[PDB]
């Protein structure tokens, strides 16, 4: 169990914990928390190996769930709302099944409870990203415009590029560095892509699955297992959004969130 870095927006309302996905941080949720903080006490958490949170070798969902559980303890929160995007969504589902009594309502953004295999574009895209990151040497200390043009050759989508490049920071010597534990990430890719198993089903917590229309992280074969774990779950497709649906369609993200919580 690590002590997670967090920022809190909002002084009144029920607590609302937001968990980013792989390579993200609480910073990517600033604009959504900007609206949500009028109604909730929003906690933007950096998960292990991410943002300003501590590094570790193990990044299993068990450990990330425990990090979450410890965070909730150290802040004296009785019961919480949770939004988890992708990797953050699996942690949240793990945590919720293990501790349903601490969760008021759950929002899962664009990921299914089950395992993704190597043929999947999920696994493929992650495999690419890792290779890209492992192959950039930040220590060479070239300016952040150079790192950008280096990643220009690897992945095309500019949003993905700058998404990833939010993870490069300045160090004390002046040389650039990754703030994320790329090594732990790489040696946990199986852990990260694995399905939820070994849980007391059904989970008696209201849940919302938000699917991006142009993403295939959730498909129609996912509905059976979603419903097995969360019988009264609701599934909602945000039109014209991919995997980062809250960055691409934030207005609709807030709408669906405020109608559910």
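Positions refer to the first chain, counted from 1.
Worksheet item: Taking only the CA atoms, which stretch has the higher mean B-factor in the record, 135 to 143 or 154 to 162?
Response: Higher mean C-alpha B-factor in the PDB entry: 135 to 143.
Practice prompt. Higher average CA B factor in the deposited record is what I'm after, so tell me if that's 14 to 22 or 241 to 249.
Written response: Stretch with the higher mean C-alpha B-factor: 241 to 249.
Worksheet item: Among 211, 221, 52, 69, which residue carries the highest C-alpha B-factor recorded in the PDB entry?
Response: By C-alpha B-factor in the record, 221 ranks first.
Discussion item. Quiz for you: based on the deposited Cα B-factor, which of 87, 103, 93, 130 is highest?
Written reply: Of the candidates given, the C-alpha B-factor peaks at 130.
Discussion item. Quick check for you: using the entry's CA B-factors within this chain, is residue 75 in the lowest, middle or highest third?
Written reply: According to the entry, residue 75 has a C-alpha B-factor in the chain's middle third.
Discussion item. For the chain shown, is the CA B-factor of residue 206 in the lowest, middle or highest third of its modelled residues?
Written reply: Lowest third - that is where residue 206 ends up once the chain's C-alpha B-factors are sorted.
Worksheet entry | residue 30 CA temperature factor, ranked by third within the chain | It falls in the middle third of the chain.
Fill in: Ranked against its chain, the third holding the CA B-factor of residue 257
Lowest third of the chain for residue 257's C-alpha B-factor.
Worksheet item: Among the chain's modelled residues, which third holds the C-alpha B-factor of residue 81?
Response: Lowest third.
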